Amino acid sequence: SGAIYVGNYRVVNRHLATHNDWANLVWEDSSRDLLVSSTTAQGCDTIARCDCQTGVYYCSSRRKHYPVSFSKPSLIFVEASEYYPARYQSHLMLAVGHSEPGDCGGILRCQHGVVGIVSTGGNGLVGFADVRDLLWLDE
Ligand SMILES: CSc1ccc2scnc2c1NC(=O)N1CCC[C@H](C(N)=O)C1
Ligand SMILES: [Zn+2]
């Protein structure tokens, strides 16, 4: 679990969005596993606007942060789950690092700010949904 709170927006994994997220919907994209809902309170986070390919992510299944080198956002095949049929997920970045399903929502940060959130993983891999292209989150 986990979310990004920036301005009057809450960014979550689409497959973990709550009834309240859907009732306050701003934007969602199944191909990215992202949903953004509106909030009444002002957020705590800021978004990176950069091309970093290294950073640090929070891994809830270890209660620890780990450094990672990750690929540029791209279209990657993701096998079927209870949440989605087998499909290509867009704007996904992969890295070598521990993850388990409950780790979705952990933040990836570089020195500039929030880069994205854990969205996929397995076998010593962890995948992050990028948010750096969503310029409207702070504009
Ligand atoms: C951190 S998630 C994770 C991690 C390890 C393992 S081992 C086996 N399944 C996983 C796993 N789950 C995972 O990749 N998906 C289930 C939730 C929706 C995801 C998506 N964006 O389509 C795909
Ligand atoms: Zn950066």
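Numbering starts at 1 and runs along the chain as it is shown here.
Method on record in the header is X-ray crystallography, 1.1 Å.
Backbone N, Cα and C atoms are what each Cβ position is placed from, and that goes for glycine too.
What Swiss-Prot says about this protein:
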- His15: active site, for protease 2A activity (ACT_SITE)
- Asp33: active site, for protease 2A activity (ACT_SITE)
- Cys50, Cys52, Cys110, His112: Zn(2+) 1 binding site (BINDING)
- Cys104: active site, for protease 2A activity (ACT_SITE)
| request: Among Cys50, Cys52, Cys104, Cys110, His112, these being the recorded positions, pick the one whose CA is nearest to that of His15 (active site, for protease 2A activity). | output: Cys104
| query | Hey, what's the Cβ neighbour count for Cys104 (active site, for protease 2A activity) at 10 Å? | reply | 24
| field | Neighbourhood of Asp33 (active site, for protease 2A activity) by C-beta distance under 8 A, where only residues 6 or more apart in the same chain count | value | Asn13, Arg14, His15, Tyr84, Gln89, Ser119, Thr120, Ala129
| request: Look up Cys110 (Zn(2+) 1 binding site) in the DSSP assignment and reduce it to helix, strand or coil. | output: strand
| task | Could you tell me which of the recorded positions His15, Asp33, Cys52, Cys104 have their C-beta within a distance under 6 angstroms of some atom of ligand 2? | result | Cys52
| query | Within 10 angstroms of the C-beta of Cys52 (Zn(2+) 1 binding site), what count of other C-beta atoms is obtained when all protein chains are considered? | reply | 15
| query | Should we count any of the binding-site residues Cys50, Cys52, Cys110, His112 as near ligand 1, judged by a CB under 6 A from one of its atoms, and which? | reply | none
| query | So which other residues, same chain and not among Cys50, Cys52, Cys110, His112, have a Cβ within 8 Å of the centroid of the Cβ atoms at the Zn(2+) 1 site? | reply | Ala48, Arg49, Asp51, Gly55, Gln111, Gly113, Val115, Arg132
| Other C-beta atoms that fall within 10 angstroms of the C-beta of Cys110 (Zn(2+) 1 binding site) | 17
| query | At the Cα level, what's the spacing in Å between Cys110 (Zn(2+) 1 binding site) and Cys104 (active site, for protease 2A activity), rounded? | reply | 18
